[PDB]
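For the single chain, residues carry numbers from 1 onward in sequence order. The figures that follow rest on heavy atoms only: side chains count, while hydrogens, waters and symmetry mates do not. First listed ligand is number 1; within each ligand, the first listed atom is number 1.
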Amino acid sequence: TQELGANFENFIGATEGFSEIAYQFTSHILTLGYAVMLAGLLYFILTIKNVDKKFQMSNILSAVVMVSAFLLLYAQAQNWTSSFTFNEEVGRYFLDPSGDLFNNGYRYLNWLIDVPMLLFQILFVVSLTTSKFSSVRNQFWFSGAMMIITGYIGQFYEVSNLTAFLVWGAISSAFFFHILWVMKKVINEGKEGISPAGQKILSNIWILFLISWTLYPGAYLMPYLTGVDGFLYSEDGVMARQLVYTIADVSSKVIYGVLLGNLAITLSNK
Ligand code: NA
């Protein structure tokens with residue numbers, strides 16, 4: 001019975017190990033991830049003056065999100081390289097008992113912190129019509145927290161009890177769907193009575209939001225999307241999962257923030 005290998009990354013690292021390519025690709029994509037957040041941080045700080053005061057809480061939230069994402073993705077990246085070490089005899093990277101083992105906590109903490117801020121920030125750019133700010137905020141914050149909490153619980157069972165992993169994942173997905181429903185309503189209200197240039201940006205924000213947020217459950221399920229004997233149930237699934245999480249992080253935090261800032265500017269023209 002495998003004792004060293006809590007999550008799929010540790011499981012693969014303790015059994016099959018990672019090829020040089022899988023190890024280096026994953027390290028590099030994780031590094032690109034935190035590097036983009038640092039660049040984003042400087043961007044959101046420097047451009048804060050480009051929007052009217054009434055919208056600046058959004059730019060502020062983007063900056064705070066970047067701080068958390070840079071730190072925690074930096075920590076994630078160091079955790080990757082510290083956790084797996086090369087064996088000369090076999091020629092692959094294996095889980096290093098003298099390391100601390102791969103830990104998903106960094107990313108899940110980042111989500112817990114950032115999800116509520118990302119959801120909140122749009123409410124400082126668009127105006128609602130018939131909904132209340134407090135009601136939308138509360139719905140986003142409760143569902144967002146429950147989504148990440150239930151997903152975190154699920155992740156614990158990814159190796160030891162795939163049933164529990166999938167059931168907690170489905171519970172999390174229920175909260176996710178409710179978030180999508182609320183955000184779609186917010187975007188539709190925000191489009192009312194603004195310029196068509198702003199409306200177009202909001203349409204793009206919705207598509208970005210829908211796609212980028214759905215990448216997360218996709219990455220969560222990735223190693224199983226081809227079966228337990230499938231091609232992804234391997235280092236390939238680890239590489240794909242980490243790639244997709246990184247694409248999702250950049251899109252959902254940085255690109256989303258840039259679009260919101262551009263919306264604010266278009267509202268800053270009429
Ligand atoms: Na290493």
K.L.:
More than 12 heavy atoms of other residues, nucleotides or ligands under 6.0 Å from OH of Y74: is that the case?
P.N.:
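Atom OH in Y74 is not crowded, with 12 or fewer foreign heavy atoms closer than 6.0 Å.
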K.L.:
Mind telling me whether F156 and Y152 have parallel, tilted or perpendicular rings, with 30° and 60° as the class edges?
P.N.:
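Geometry flag for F156 against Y152: perpendicular rings.
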K.L.:
Can you tell me if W80 has over 12 outside heavy atoms packed within less than 6.0 Å of its CH2?
P.N.:
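Check passes, neighbour count above 12.
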K.L.:
Can you list the residues that meet the salt bridge (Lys or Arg N to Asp or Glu O under 4.0 Å) rule with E20, with sequence neighbours excluded?
P.N.:
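Testing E20 for salt bridge (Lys or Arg N to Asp or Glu O under 4.0 Å), a comparison that skips the adjacent residues, returns none.
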K.L.:
Sort by chain and number the protein N/O/S atoms that are closer than 3.0 Å to the Na ion (ligand 1), and list them.
P.N.:
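For the Na ion (ligand 1), the protein N, O and S atoms that sit under 3.0 Å away are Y23 OH, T81 O, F84 O.
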K.L.:
Tabulate below the donor-acceptor pairs under 3.5 Å that side-chain atoms of residues 30-50 make, not counting sequence neighbours, or state none.
P.N.:
residue, atom, partner, partner atom, Å
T31, OG1, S27, O, 2.9
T47, OG1, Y43, O, 2.8

K.L.:
I'd like to check the side chain to side chain donor-acceptor pair (under 3.5 Å) partners of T26; sequence neighbours left out, ordered by chain and number.
P.N.:
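Scan of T26 (side chain to side chain donor-acceptor pair (under 3.5 Å), adjacent residues dropped) gives none.
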